[PDB]
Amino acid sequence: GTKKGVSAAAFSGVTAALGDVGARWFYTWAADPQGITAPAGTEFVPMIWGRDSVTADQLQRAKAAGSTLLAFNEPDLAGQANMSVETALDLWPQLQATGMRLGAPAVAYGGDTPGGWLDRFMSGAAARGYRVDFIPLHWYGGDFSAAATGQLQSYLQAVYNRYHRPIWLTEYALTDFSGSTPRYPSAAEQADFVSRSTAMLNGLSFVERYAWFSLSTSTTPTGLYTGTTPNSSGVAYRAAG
């Protein structure tokens, strides 16, 4: 359908790469496409990344660039938006007042955990009569076996069960962050995971959209393309339909 998207940055060849891979949507972690010209049929989704992104100017920019709005990126991490639940909720009315379909902040992990960041955000939002239309999630698997897709599915199901909001998977890949440096799968393991995970996500009715992290190897070792050339993972992602 229209589920398959990617995160992207401007690199030489990005327009070609978005069209080649069949991305129906994309985002840039910013309020506008950050210099990317989208192919026809590829929808841009703006993001309000952190506390300092919440300005009349950024919110007007976002509304001019797209119709769906993603909120803060990994507020639960000191290295990312680094925001208390209270701060996110206090800023929420400015994002709500755009009128756009509105995604929760994307937590790095523990979205299903009672008392965790997302739980306290969703409980506070309900108590304040706020609108949260969908929940975007991040998932990085450290088990590089064929079991990985079912572990991803379990997390998405858990979050769906807890808040009953449609799910977006705005970043996912196999990456183990448990050690002092990141661990990555082999190219074959990564391509097999792309195939099996996309088949799973295409069939899961409460997942509206997904986005592999990320389109370009300039962004991450789990990239799908180097310039306009897909690797075996890009090939598998293109084939996901």
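Quick note: we count residues from 1 along the sequence shown, nothing fancier.
- For the segment pair 121-129 and 138-146, the entry gives 121-129 the higher mean B-factor, averaged over Cα atoms.
- Higher mean CA temperature factor between 231-239 and 4-12: 4-12, per the PDB entry.
- Taking only the listed residues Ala78, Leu152, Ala158, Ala104, the entry reports the highest CA temperature factor at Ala78.
- Highest C-alpha temperature factor among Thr87, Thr98, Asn73, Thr170, as the PDB entry reports it: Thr87.
- Among all modelled residues in this chain, the alpha-carbon of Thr220 has a temperature factor (C-alpha) in the middle third.
- Among the modelled residues of its chain, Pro33 has a C-alpha B-factor that falls in the middle third according to the deposited record.
- Sorting the modelled residues of the chain by their CA temperature factor places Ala188 in the middle third.
- Annotation for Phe177: C-alpha temperature factor in the highest third relative to the rest of the modelled chain, per the entry.
- The PDB entry assigns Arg209 a C-alpha temperature factor belonging to the lowest third of its chain's modelled residues.
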